[PDB]
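What follows is a short report on a single structure.
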Amino acid sequence: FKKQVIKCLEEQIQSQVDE
Amino acid sequence: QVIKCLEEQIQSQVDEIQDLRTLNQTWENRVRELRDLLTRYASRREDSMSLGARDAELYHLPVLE
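Line order of the protein sequences matches chains I and C.
Per PDB author numbering, the first sequence starts with residue 431, numbered consecutively.
Per PDB author numbering, the second sequence starts with residue 434, numbered consecutively.
Written as structure tokens, this is what we have:
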């Protein structure tokens, strides 16, 4: 549960950096 | 600890995204203004060569002009 949220946050952060 | 750090990183990323969006909006506004000025300049450019006499004058005035 917590891990999935963390993974989503990390993916979002990477996407944000690319953006 | 780890959760707080991840949340802080996400918040920082969101802030960076917001800053980028604001910069993009400013750039877009500047681009729109430049495009509008260029478009207006085009209308003036379409009308060309003011007077008939000036053609005779062209001989008289300097070549660079």
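Yeah, the Cβ is synthetic: ideal placement off N, Cα and C, and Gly gets one too.
**Q.** Members of the region 441-460 of chain C near chain I, C-beta cut-off 8 Å
**A.** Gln442, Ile443, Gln446, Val447, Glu449, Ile450, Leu453
Q) Along chain I, which residues have their Cβ under 7 Å away from the Cβ of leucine 439 (chain C)? A) Here the question's residue 439 (chain C) lines up with position 6 in the second sequence. Correct list: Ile436, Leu439.
Q | Neighbourhood of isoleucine 443 (chain I) by C-beta distance below 7 Å, restricted to the same chain and skipping five residues each side | A | Taking the first residue of the first sequence as 1, we reach residue 443 (chain I) at position 13. The answer is none, since no qualifying residue turns up.
Q: Helix, strand or coil for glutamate 498 (chain C), going by three-state DSSP, please let me know.
A: Taking the first residue of the second sequence as position 1, residue 498 (chain C) is located at position 65. In this structure, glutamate 498 (chain C) counts as coil in the three-state DSSP scheme.
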